[PDB]
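Undergrad: One file is attached below, input.cif, containing mmCIF, C-alpha atoms and all ligand atoms.
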```cif
data_query
#
loop_
_atom_site.label_atom_id
_atom_site.label_comp_id
_atom_site.auth_asym_id
_atom_site.auth_seq_id
_atom_site.Cartn_x
_atom_site.Cartn_y
_atom_site.Cartn_z
CA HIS A 4 95.62 78.29 20.87
CA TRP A 5 94.27 79.26 24.26
CA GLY A 6 93.35 82.88 24.72
CA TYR A 7 90.59 85.09 26.02
CA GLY A 8 88.09 85.14 23.13
CA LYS A 9 84.74 83.45 22.68
CA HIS A 10 86.19 80.37 21.00
CA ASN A 11 89.41 79.93 23.02
CA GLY A 12 88.79 81.71 26.34
CA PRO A 13 88.59 80.53 29.97
CA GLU A 14 85.47 78.40 29.43
CA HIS A 15 87.36 76.31 26.84
CA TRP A 16 90.65 75.85 28.68
CA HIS A 17 89.59 72.63 30.42
CA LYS A 18 89.66 70.65 27.18
CA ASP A 19 93.44 70.89 26.86
CA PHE A 20 94.10 71.55 30.55
CA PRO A 21 91.70 69.39 32.58
CA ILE A 22 93.13 70.79 35.83
CA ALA A 23 91.06 73.89 34.95
CA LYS A 24 88.27 72.13 36.88
CA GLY A 25 90.61 71.17 39.73
CA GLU A 26 90.39 71.50 43.49
CA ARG A 27 92.60 74.57 43.96
CA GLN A 28 92.10 76.85 40.96
CA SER A 29 92.67 80.60 40.86
CA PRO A 30 91.58 83.32 40.93
CA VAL A 31 88.79 83.32 43.57
CA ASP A 32 86.44 85.83 45.07
CA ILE A 33 87.74 87.01 48.43
CA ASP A 34 84.76 87.16 50.79
CA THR A 35 86.15 89.59 53.34
CA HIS A 36 83.70 88.70 56.09
CA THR A 37 84.47 84.97 55.93
CA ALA A 38 88.27 85.40 55.67
CA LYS A 39 89.73 84.85 59.13
CA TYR A 40 92.63 86.64 60.82
CA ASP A 41 95.46 84.16 61.27
CA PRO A 42 97.84 84.91 64.17
CA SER A 43 100.20 82.13 62.96
CA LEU A 44 101.24 84.15 59.90
CA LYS A 45 104.74 85.55 60.37
CA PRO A 46 105.59 89.10 59.22
CA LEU A 47 105.71 89.34 55.40
CA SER A 48 109.05 90.45 53.92
CA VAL A 49 109.22 91.93 50.43
CA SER A 50 112.98 92.48 49.81
CA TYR A 51 113.36 94.04 46.36
CA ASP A 52 116.34 96.40 46.92
CA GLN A 53 118.74 94.36 44.72
CA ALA A 54 116.31 93.44 41.93
CA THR A 55 117.81 93.21 38.43
CA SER A 56 115.22 93.52 35.71
CA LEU A 57 116.36 92.46 32.27
CA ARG A 58 113.71 92.61 29.59
CA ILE A 59 110.04 93.20 28.83
CA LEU A 60 108.19 90.80 26.51
CA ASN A 61 104.75 90.74 24.84
CA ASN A 62 103.91 87.03 24.98
CA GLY A 63 100.54 87.30 23.24
CA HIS A 64 98.54 87.16 26.49
CA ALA A 65 100.15 89.92 28.59
CA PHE A 66 103.56 91.56 28.92
CA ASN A 67 106.17 90.19 31.33
CA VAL A 68 108.95 92.17 32.97
CA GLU A 69 111.62 89.55 33.54
CA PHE A 70 114.27 89.49 36.26
CA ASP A 71 117.66 87.89 36.73
CA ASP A 72 116.80 85.11 39.19
CA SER A 73 120.28 83.45 39.06
CA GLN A 74 120.88 84.34 42.72
CA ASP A 75 119.02 85.66 45.77
CA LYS A 76 118.28 89.25 44.90
CA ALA A 77 114.59 90.21 44.85
CA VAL A 78 112.88 87.81 47.26
CA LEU A 79 109.66 87.26 49.18
CA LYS A 80 109.72 85.65 52.64
CA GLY A 81 107.55 85.40 55.73
CA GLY A 82 103.80 85.52 55.94
CA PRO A 83 102.47 82.11 54.99
CA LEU A 84 105.72 81.15 53.29
CA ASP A 85 108.25 78.55 54.34
CA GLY A 86 111.67 79.63 53.13
CA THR A 87 112.70 82.00 50.37
CA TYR A 88 110.95 82.75 47.09
CA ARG A 89 112.81 84.51 44.29
CA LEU A 90 111.21 87.02 41.89
CA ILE A 91 111.25 85.83 38.27
CA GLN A 92 108.76 88.11 36.48
CA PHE A 93 105.78 90.38 36.88
CA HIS A 94 102.83 91.04 34.60
CA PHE A 95 99.32 92.44 34.75
CA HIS A 96 95.76 91.50 33.81
CA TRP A 97 93.40 94.30 32.79
CA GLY A 98 90.07 95.16 31.24
CA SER A 99 88.58 96.90 28.24
CA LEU A 100 86.87 99.32 30.67
CA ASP A 101 87.82 100.50 34.16
CA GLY A 102 84.99 98.44 35.74
CA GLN A 103 86.69 95.11 35.06
CA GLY A 104 90.13 93.61 34.64
CA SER A 105 91.17 92.04 37.95
CA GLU A 106 91.28 88.29 38.38
CA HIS A 107 90.69 88.16 42.12
CA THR A 108 87.62 90.02 43.32
CA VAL A 109 86.88 91.47 46.77
CA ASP A 110 83.28 90.86 47.87
CA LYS A 111 82.63 90.46 44.12
CA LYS A 112 84.24 93.83 43.29
CA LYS A 113 86.32 93.83 40.11
CA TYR A 114 89.25 96.24 39.99
CA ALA A 115 90.56 97.83 36.77
CA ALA A 116 93.64 95.60 36.73
CA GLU A 117 95.78 93.28 38.81
CA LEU A 118 99.58 93.04 39.09
CA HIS A 119 101.17 89.61 39.67
CA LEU A 120 104.73 89.43 41.00
CA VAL A 121 105.75 85.79 40.45
CA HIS A 122 108.26 84.06 42.70
CA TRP A 123 109.62 80.51 42.93
CA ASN A 124 110.66 78.55 46.01
CA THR A 125 114.43 78.32 46.08
CA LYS A 127 114.39 74.89 47.72
CA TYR A 128 113.50 73.50 44.24
CA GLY A 129 116.44 75.04 42.39
CA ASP A 130 114.70 76.35 39.21
CA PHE A 131 111.25 77.68 38.24
CA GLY A 132 110.68 74.58 36.12
CA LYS A 133 111.12 72.21 39.04
CA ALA A 134 109.15 74.53 41.31
CA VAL A 135 106.06 74.16 39.10
CA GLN A 136 106.09 70.45 39.85
CA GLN A 137 105.57 71.15 43.56
CA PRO A 138 102.51 72.09 45.63
CA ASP A 139 104.47 74.90 47.30
CA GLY A 140 106.58 75.82 44.31
CA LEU A 141 105.40 79.37 43.68
CA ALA A 142 104.26 82.47 45.53
CA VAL A 143 102.42 85.19 43.63
CA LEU A 144 102.01 88.61 45.19
CA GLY A 145 98.85 90.13 43.74
CA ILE A 146 98.15 93.87 43.83
CA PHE A 147 94.95 95.51 42.63
CA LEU A 148 94.94 98.62 40.45
CA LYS A 149 92.24 101.29 40.55
CA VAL A 150 92.03 104.32 38.28
CA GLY A 151 92.74 107.65 39.96
CA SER A 152 96.06 109.40 40.47
CA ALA A 153 99.04 108.27 38.40
CA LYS A 154 101.54 105.79 39.82
CA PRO A 155 104.94 107.37 39.10
CA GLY A 156 106.82 104.08 39.39
CA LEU A 157 104.66 102.58 36.65
CA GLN A 158 105.41 105.21 34.01
CA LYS A 159 108.63 103.59 32.75
CA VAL A 160 106.62 100.44 31.99
CA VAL A 161 103.88 102.43 30.23
CA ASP A 162 106.36 104.29 28.08
CA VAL A 163 108.08 101.16 26.73
CA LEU A 164 104.85 99.46 25.64
CA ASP A 165 104.87 101.20 22.25
CA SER A 166 108.01 99.18 21.45
CA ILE A 167 106.45 95.79 22.26
CA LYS A 168 103.03 96.31 20.70
CA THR A 169 102.66 92.85 19.19
CA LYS A 170 103.12 89.24 20.23
CA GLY A 171 106.73 88.12 20.25
CA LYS A 172 108.30 91.57 20.58
CA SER A 173 110.69 92.25 23.47
CA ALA A 174 112.87 95.18 24.60
CA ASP A 175 115.67 95.76 27.06
CA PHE A 176 114.23 96.76 30.39
CA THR A 177 117.09 97.07 32.85
CA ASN A 178 117.18 99.04 36.07
CA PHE A 179 113.45 98.88 36.75
CA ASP A 180 112.66 99.01 40.47
CA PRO A 181 109.51 97.02 41.37
CA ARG A 182 109.36 98.75 44.78
CA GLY A 183 107.65 101.59 42.92
CA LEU A 184 104.62 99.34 42.27
CA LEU A 185 103.80 98.59 45.93
CA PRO A 186 101.08 100.25 48.03
CA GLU A 187 101.82 101.60 51.52
CA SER A 188 100.30 98.71 53.47
CA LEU A 189 101.30 95.05 53.27
CA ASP A 190 98.02 93.82 54.79
CA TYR A 191 97.02 90.75 52.76
CA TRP A 192 94.81 87.74 52.23
CA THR A 193 96.35 84.36 51.44
CA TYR A 194 95.12 81.01 50.16
CA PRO A 195 96.44 78.01 48.14
CA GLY A 196 95.73 78.15 44.41
CA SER A 197 97.00 77.89 40.89
CA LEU A 198 98.39 79.68 37.90
CA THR A 199 95.57 81.72 36.33
CA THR A 200 96.68 80.93 32.76
CA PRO A 201 97.39 77.58 31.12
CA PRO A 202 98.91 75.27 32.23
CA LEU A 203 96.86 76.23 35.34
CA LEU A 204 99.23 74.32 37.62
CA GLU A 205 98.28 74.05 41.28
CA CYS A 206 101.55 75.28 42.73
CA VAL A 207 100.81 78.75 44.09
CA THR A 208 100.59 80.32 47.51
CA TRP A 209 98.59 83.45 46.70
CA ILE A 210 99.27 86.61 48.70
CA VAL A 211 96.78 89.33 47.66
CA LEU A 212 97.32 92.79 49.10
CA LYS A 213 94.27 94.54 50.49
CA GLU A 214 95.36 98.07 49.53
CA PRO A 215 95.13 98.81 45.77
CA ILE A 216 97.55 101.06 43.98
CA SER A 217 96.14 103.96 42.00
CA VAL A 218 97.15 104.39 38.35
CA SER A 219 95.92 107.08 36.01
CA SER A 220 93.41 106.58 33.25
CA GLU A 221 96.17 107.50 30.78
CA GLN A 222 98.43 104.75 32.16
CA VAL A 223 95.83 101.98 31.85
CA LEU A 224 94.74 103.28 28.42
CA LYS A 225 98.26 102.56 27.21
CA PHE A 226 97.99 98.93 28.42
CA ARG A 227 94.88 98.69 26.24
CA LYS A 228 96.83 99.72 23.10
CA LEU A 229 98.86 96.53 23.18
CA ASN A 230 97.93 93.76 20.75
CA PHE A 231 97.30 90.03 21.26
CA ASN A 232 98.25 89.42 17.61
CA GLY A 233 101.67 89.37 16.00
CA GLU A 234 103.12 92.03 13.70
CA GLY A 235 101.37 92.17 10.36
CA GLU A 236 98.26 90.33 11.52
CA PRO A 237 94.80 91.86 12.05
CA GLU A 238 94.75 94.01 15.17
CA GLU A 239 93.13 92.51 18.26
CA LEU A 240 93.56 94.79 21.24
CA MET A 241 95.06 93.14 24.32
CA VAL A 242 92.17 93.78 26.73
CA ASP A 243 90.17 91.57 29.10
CA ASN A 244 93.07 89.15 29.63
CA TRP A 245 91.66 88.02 32.99
CA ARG A 246 90.27 84.69 34.14
CA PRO A 247 87.07 84.97 36.21
CA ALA A 248 86.78 83.73 39.79
CA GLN A 249 86.79 79.96 40.19
CA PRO A 250 85.10 77.75 42.85
CA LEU A 251 86.66 78.02 46.30
CA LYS A 252 85.95 74.35 47.06
CA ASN A 253 87.76 73.04 50.16
CA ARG A 254 89.77 76.19 50.95
CA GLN A 255 89.93 78.99 53.49
CA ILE A 256 91.23 82.47 52.90
CA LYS A 257 93.30 83.82 55.78
CA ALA A 258 93.87 87.48 56.63
CA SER A 259 97.10 88.95 57.93
CA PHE A 260 95.26 91.73 59.75
CA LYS A 261 92.67 91.78 62.53
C1 LIG A 301 104.49 77.84 33.90
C2 LIG A 301 104.65 79.03 32.98
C3 LIG A 301 103.57 80.05 33.19
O1 LIG A 301 103.87 80.78 34.39
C4 LIG A 301 102.88 81.53 34.98
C5 LIG A 301 101.59 81.59 34.51
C6 LIG A 301 100.63 82.33 35.20
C7 LIG A 301 101.01 83.04 36.33
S1 LIG A 301 99.80 83.93 37.27
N1 LIG A 301 98.83 84.71 36.22
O2 LIG A 301 99.03 82.96 37.97
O3 LIG A 301 100.54 84.88 38.06
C8 LIG A 301 102.32 83.02 36.77
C9 LIG A 301 103.25 82.25 36.10
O1 LIG A 302 88.56 73.13 64.12
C1 LIG A 302 88.77 74.53 64.35
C2 LIG A 302 89.63 75.14 63.26
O2 LIG A 302 88.90 75.02 62.02
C3 LIG A 302 89.66 75.42 60.87
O3 LIG A 302 88.92 75.22 59.71
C4 LIG A 302 90.04 76.89 60.98
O4 LIG A 302 90.92 77.21 59.90
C5 LIG A 302 90.79 77.14 62.29
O5 LIG A 302 91.21 78.50 62.44
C6 LIG A 302 89.98 76.62 63.47
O6 LIG A 302 90.76 76.78 64.65
ZN ZN A 303 98.87 86.66 36.33
#
```
Go ahead and render the structure in this file as structure tokens.
TA:
Amino acid sequence: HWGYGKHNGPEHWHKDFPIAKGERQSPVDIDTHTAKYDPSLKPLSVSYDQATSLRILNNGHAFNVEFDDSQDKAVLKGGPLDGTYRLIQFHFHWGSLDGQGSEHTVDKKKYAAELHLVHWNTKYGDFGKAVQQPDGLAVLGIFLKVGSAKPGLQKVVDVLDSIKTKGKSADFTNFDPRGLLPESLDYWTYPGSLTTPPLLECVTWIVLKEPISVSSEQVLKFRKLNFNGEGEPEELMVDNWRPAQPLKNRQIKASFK
């Protein structure tokens, strides 16, 4: 099964998923000097006031906080996006050490972790049909650095002990993802892919420039999760990030001058 180890990690994924070597793979390094301000980007709208979280799941590669996406509640609009994109789940990627863990990099800098808020384009009806489309998904990516604690993250941290191993889930209602956002919505955007198999090239990436700060204690609790299932030998869930992929025939646009 695909994973992050030596025998099944990112450098092996192309055998089962040949699109791994495709023309619009993610993540990428964001070269800040080459990214160009784009005055055609409309204001970005993150409208999470009515979000309904449901559950948190350890899927063996990360943990997902899942949302009720059965109507227009938590949505992303504006910026590079045509139309309305509905929040379905968020998850993180993180390292074994604070010096690595992000998937995107900024002038080759690796952050300690990266949050992905995953949204699907409502014109396609369901997530499954959206991932058959070149503009099916929008992922809002937010870097994490280690410093002061993020209060809005603590409820996530505290439930992780109950989903330690692959296949475990827990109720996770009334979680407000607004508490995971930095002050500024300045961003970079480019067309890319899912960063895990099946690596589908359906994503408009929107990567915020301002990281959030989380405490060492918070990220240390991420690193206590397990990739393995209950009763199997413990393999800590760390370094669940794909490295930067070739930019190829793409441009990264900036929302800010
Ligand atoms: C098609 C089912 C998998 O869905 C996702 C896989 C990876 C991401 S990421 N890491 O690019 O945000 C999002 C959805
Ligand atoms: O041909 C000129 C155009 O080249 C494109 O690659 C850039 O994205 C545009 O911003 C520029 O105006
Ligand atoms: Zn992700």
Undergrad: Please identify all polymer residues within 12 Å of range 7-19 of chain A, counting all atoms listed in the file, omitting same-chain residues fewer than 4 positions from it, and present them as a PyMOL selection string.
TA: chain A and resi 23-25+28-30+63-65+96-98+106+199-203+231+239-249
Undergrad: Env of residue 183 in chain A: 9 Å cut, atoms = all atoms listed in the file, seq-sep filter 5 positions within chain, self excluded. Answer as a count of residues only.
TA: 4
Undergrad: Which residue gives the smallest distance to residue 92 in chain A among A:115, A:49, A:229, A:144, with only C-alpha atoms counted?
TA: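 Of all the options, A:144 lies closest to residue 92 in chain A.
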Undergrad: Could you give me, as JSON lines, every range 141-222 of chain A residue with an atom at most 12 Å from range 69-89 of chain A, plus its closest atom pair and distance in Å to one decimal, counting all atoms listed in the file, rows ordered by chain then number?
TA:
```
{"residue": "A:141", "atom": "CA", "partner": "A:88", "partner_atom": "CA", "distance": 7.3}
{"residue": "A:142", "atom": "CA", "partner": "A:88", "partner_atom": "CA", "distance": 6.9}
{"residue": "A:143", "atom": "CA", "partner": "A:79", "partner_atom": "CA", "distance": 9.4}
{"residue": "A:144", "atom": "CA", "partner": "A:79", "partner_atom": "CA", "distance": 8.7}
{"residue": "A:173", "atom": "CA", "partner": "A:69", "partner_atom": "CA", "distance": 10.5}
{"residue": "A:174", "atom": "CA", "partner": "A:69", "partner_atom": "CA", "distance": 10.6}
{"residue": "A:175", "atom": "CA", "partner": "A:69", "partner_atom": "CA", "distance": 9.8}
{"residue": "A:176", "atom": "CA", "partner": "A:69", "partner_atom": "CA", "distance": 8.3}
{"residue": "A:177", "atom": "CA", "partner": "A:70", "partner_atom": "CA", "distance": 8.8}
{"residue": "A:178", "atom": "CA", "partner": "A:70", "partner_atom": "CA", "distance": 10.0}
{"residue": "A:179", "atom": "CA", "partner": "A:70", "partner_atom": "CA", "distance": 9.4}
{"residue": "A:180", "atom": "CA", "partner": "A:77", "partner_atom": "CA", "distance": 10.0}
{"residue": "A:181", "atom": "CA", "partner": "A:77", "partner_atom": "CA", "distance": 9.2}
{"residue": "A:182", "atom": "CA", "partner": "A:77", "partner_atom": "CA", "distance": 10.0}
{"residue": "A:189", "atom": "CA", "partner": "A:82", "partner_atom": "CA", "distance": 10.2}
{"residue": "A:190", "atom": "CA", "partner": "A:82", "partner_atom": "CA", "distance": 10.2}
{"residue": "A:191", "atom": "CA", "partner": "A:82", "partner_atom": "CA", "distance": 9.1}
{"residue": "A:192", "atom": "CA", "partner": "A:83", "partner_atom": "CA", "distance": 9.9}
{"residue": "A:193", "atom": "CA", "partner": "A:83", "partner_atom": "CA", "distance": 7.4}
{"residue": "A:194", "atom": "CA", "partner": "A:83", "partner_atom": "CA", "distance": 8.9}
{"residue": "A:195", "atom": "CA", "partner": "A:83", "partner_atom": "CA", "distance": 10.0}
{"residue": "A:207", "atom": "CA", "partner": "A:84", "partner_atom": "CA", "distance": 10.7}
{"residue": "A:208", "atom": "CA", "partner": "A:84", "partner_atom": "CA", "distance": 7.8}
{"residue": "A:209", "atom": "CA", "partner": "A:83", "partner_atom": "CA", "distance": 9.3}
{"residue": "A:210", "atom": "CA", "partner": "A:83", "partner_atom": "CA", "distance": 8.4}
{"residue": "A:211", "atom": "CA", "partner": "A:82", "partner_atom": "CA", "distance": 11.5}
{"residue": "A:212", "atom": "CA", "partner": "A:82", "partner_atom": "CA", "distance": 11.9}
```
Undergrad: Have a look at A:122, A:170, A:94, A:39 and name the one nearest to ligand LIG 302 (chain A); count only C-alpha atoms and all ligand atoms.
TA: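 That would be A:39, the residue with the smallest distance to ligand LIG 302 (chain A).
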